[PDB]
Amino acid sequence: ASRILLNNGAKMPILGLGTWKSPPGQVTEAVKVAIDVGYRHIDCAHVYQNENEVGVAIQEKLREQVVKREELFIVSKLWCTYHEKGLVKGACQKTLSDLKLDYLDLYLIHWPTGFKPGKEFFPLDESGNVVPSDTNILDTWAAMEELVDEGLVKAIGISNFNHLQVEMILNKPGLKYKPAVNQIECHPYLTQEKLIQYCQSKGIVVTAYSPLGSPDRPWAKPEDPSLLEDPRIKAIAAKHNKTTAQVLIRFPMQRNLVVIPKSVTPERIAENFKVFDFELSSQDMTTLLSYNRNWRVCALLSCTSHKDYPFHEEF
Ligand SMILES: NC(=O)c1ccc[n+]([C@@H]2O[C@H](COP(=O)([O-])OP(=O)(O)OC[C@H]3O[C@@H](n4cnc5c(N)ncnc54)[C@H](OP(=O)(O)O)[C@@H]3O)[C@@H](O)[C@H]2O)c1
Ligand SMILES: O=C(O)Cc1nn(Cc2nc3cc(C(F)(F)F)ccc3s2)c(=O)c2ccccc12
C-alpha cells in the first residue's frame, strides 16, 4: 500500500523525497520531477535553507494541475532556535510562506534540543559548545498543539526523540494531541529495533531518514562504513535484480516505516520510487537487520552536552 494511517486520521505516503543538501539551484527541478513520477510526500526543513525553491516546484505543479493540494503530503520541521512559545507560530508561518502553502500536513519538532534564539542556527560559545535555550520539550509541544488548533498544520510530531523523550510527551500533563510521527535516522547500520517497537506500540508512525547512509553528508570520512558499497547489501540487490539503493529504500517500507531518500538526480529520483514492485524475504529482512552497528550520520559533537541530547541513551 502507498500510504500509512496516522493517529490524526489522515494518510501519509510511505515514500517521500528528502531535501537536505539539495542545492537551491537544483531542488526546484528535483521536486518537479519527483511529482511527475509519483512522489506525493516531500520532507522539508527551514534549516535546509531551500524551502523557497521547494515551494516553487510545489506551486507550479499545483498550478499546472498535475496534482491537487489534498493529494500532497508536505512535512517541515521547527528548528532548535525557535523552541520558545513566542517564536513557534512565526517559524511555522515563515515555512508556510516559503513553501507557498496555507497549511502543512505534518510539522515536526526537528530535534529535542532548544538552542538560543537569534539569526544563527547553531549559536556556539567561544569554545564551540552549542548554546542552549532554557525551554523544555513539553512547553514546545504545547506550542505545536496550538498550531493544529489554528489550522496551520494538520498533524504534529517529533524527530530525533529517544524512547524516554517520546515517553515524556505521551505522559505530558494535559496532553492534547499525541505525536503522529517520530522521524529518526534508520538504516541497516542503525536498525533501531527498540525505539521503533516502542513508537509503533503507541500508534506513532516512524519515518526513517538517511536510508542510504547520507553519502553527501559534509562530514563523511573514508573509513566510515558505506551502505551503498557494502558487498553484502549489493548481493541482496543483485538477487532481486534491483539496485542497492532500491533495497535500502524497500527495507524500511517492510518494517511499516515511512522513508524519505534524498536525491537531486532525475534518474535516481525515478529509480528510488520504483520500489513497490518487489519484496524482500523475511530472511533478507533479518539479514539486513543483522548489519546493525549503531552508526549515526547525524549526531553533531558540538551538541553532546545539551541537557536534552538524545543519544547518550540506550534508546
Ligand atoms: N529529521 C532530521 O534530523 C533529519 C536528519 C537527516 C536527514 N533528514 C531527511 O532525510 C532525507 C534523506 O537523508 P539524507 O539526505 O541524509 O541522505 P540519503 O537520502 O540517505 O542519501 C542522499 C545521498 O544519496 C544519493 N543517492 C540518492 N539516490 C541514490 C541512488 N538511487 N543511487 C545512488 N546514490 C543515491 C544522493 O545523491 P544525489 O542527490 O546527487 O542524487 C545523496 O548524496 C534528508 O534529505 C532530509 O529530508 C532528516
Ligand atoms: O537536522 C537535520 O535535518 C540534518 C542535519 N544534521 N546535522 C547533524 C546534527 N546533529 C544534531 C544533534 C542535535 C542534538 F539534539 F543531538 F543535540 C541537535 C541538532 C543536530 S543537527 C547538522 O549539523 C545539520 C546542519 C545543517 C543542516 C542540517 C543538519
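Residues numbered from 1 in each chain as written, not as in the entry; some residues may be left out. Chains lettered and ligands numbered in written order. Heavy atoms only, no water.

Looking at the method and resolution fields of the entry, one finds X-ray crystallography and 1.58 Å.

*Asks:* What should I look at first to understand a nonpolar patch on the surface in this one?
*Replies:* A grouping of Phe122, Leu124 and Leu300 is seen on the molecular surface, where their side chains present a nonpolar patch of about 250 Å² in accessible area. As for its placement among the helices and strands, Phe122 is situated in the loop between β5 (106-109) and α4 (137-149). (Patch = residues over 30% accessible without salt bridge, like charges linked within 9 Å, V, L, I, M, F, W, Y side chains within 5 Å. Areas by Shrake-Rupley, 256 points an atom, 1.4 Å probe, with all protein chains shown as cover. Salt bridge = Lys/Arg side-chain N within 4 Å of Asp/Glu carboxyl O. Helix = DSSP H or I, 4+ residues; strand = E, 2+ residues; numbered from the N terminus.)

*Asks:* Before we go on, may I ask you to explain the pairing of strand β6 (residues 156-159) in this structure?
*Replies:* Of the two faces of β6, the one holding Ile156 and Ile158 and the one holding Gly157 and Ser159 are both buried throughout. Pairing geometry for β5 and β6, over three bridges, is parallel. Paired with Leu108 across the two strands is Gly157, which belongs to β6. Regarding the hand of the β-α-β motif, the stretch spanning β5, α4 and β6 is right-handed. (Buried < 20%, exposed > 50% of the residue type's maximum accessible area, 1.4 Å probe, protein only. Pairing = 2+ DSSP bridges. Right-handed = clockwise from strand over helix to strand, strands pointing away.)

*Asks:* What should I look at first to understand the packing of helix α2 (residues 51-63) against helix α3 (residues 85-99) in this one?
*Replies:* Working note: a packed helix pair is described by the angle between its axes plus the distance between those axes. With their axes 6 Å apart at the nearest point, α2 and α3 run at an angle of 45° to one another. It follows from the interaxial angle that α2 and α3 lie oblique. On the side of α2, the interface is formed by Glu51, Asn52, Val54 and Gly55, while α3 contributes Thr95, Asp98 and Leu99. Class assignment of the residues belonging to the contact of α2 with α3 gives a composition of two nonpolar, three polar and two charged. (Axes fitted to C-alpha atoms, helices over the stretch in contact; angles between N-to-C directions. Parallel < 35°, antiparallel > 145°, perpendicular 65-115°, else oblique. Contact = heavy atoms within 4.5 Å. Nonpolar A, V, L, I, M, F, W, Y, C, P; charged D, E, K, R; others polar.)

*Asks:* Looking at this structure, how should I read the UniProt feature "active site" in the chain?
*Replies:* UniProt records the feature "active site" at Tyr48, using the numbering of this structure. Looking at the secondary structure, you find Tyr48 in the loop between β3 (41-43) and α2. Judged by its relative accessible area of 17%, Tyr48 is buried. (UniProt positions renumbered as here; feature names shortened; annotations may be inferred.)

*Asks:* Is there a simple way to think about the packing of aromatic side chains in this case?
*Replies:* Working definition: an aromatic ring pair is given by the centre-to-centre distance plus the angle between the planes. Here the structure, examined in full by the defined rule, presents ten aromatic pairs. Note on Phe115 and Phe122: the rings are 5.9 Å apart at their centroids and 50° apart in plane angle, and the pair reads as tilted. Using a relative accessible area of 34% as the deciding quantity, one classes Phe122 as partly exposed. Members of the aromatic cluster, connected to one another through ring pairs, are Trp20, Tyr48 and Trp219. The aromatic ring of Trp20 is capped on one face by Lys21, whose charged end is 4.5 Å from the ring centroid. (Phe/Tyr/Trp six-rings, centres within 6.5 Å; stacked < 30°, edge-to-face > 60°. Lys NZ or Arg CZ within 6 Å of the ring centre and 35° of its normal.)

*Asks:* In this structure, what is going on with the site of ligand 2? I would like to understand it.
*Replies:* Neighbouring residues of ligand 2: 15 residues in total, closest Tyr48, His110, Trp111, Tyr309 and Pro310. A distance of 2.7 Å separates an oxygen atom of ligand 2 from a polar side-chain atom of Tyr48. Between ligand 2 and the protein, one listed contact pairs an oxygen atom with a side-chain N or O atom of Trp111 at 2.9 Å. Compared with its free state, where it exposes 570 Å², ligand 2 has 91% of that area covered by protein. (Near = heavy atom within 4 Å. Polar contact = N/O pair within 3.5 Å; in protein donor to acceptor, adjacent residues only side chain to side chain.)

*Asks:* Help me out: how do you make sense of the site of ligand 1 in this one?
*Replies:* Around ligand 1, 31 residues are found, and the nearest of them are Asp43, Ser214, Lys262, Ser263 and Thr265. At 2.7 Å, a side-chain N or O of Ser263 approaches an oxygen atom of ligand 1. Coverage of ligand 1 by the protein amounts to 91% of the 910 Å² it exposes when considered alone. By residue number, the principal contributor to the shell around ligand 1 is helix α9 (residues 266-273), which donates three residues. Per-class residue counts for the shell around ligand 1 are twelve nonpolar, twelve polar and seven charged.

*Asks:* Sorry if this is basic, but what is going on with the side chain of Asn160 here?
*Replies:* Within the fold, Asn160 resides in the loop between β6 and α5 (163-170). Within polar-contact distance, the side chain of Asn160 engages the side chain of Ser159 at 3.3 Å. For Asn160, the side chain forms a polar contact with the side chain of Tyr209, separated by 2.7 Å. Sequence-distant contacts of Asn160, that is, excluding residues within four places in its chain, are made with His110, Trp111, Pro112, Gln165, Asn182, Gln183, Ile184, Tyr209, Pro310 and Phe311.

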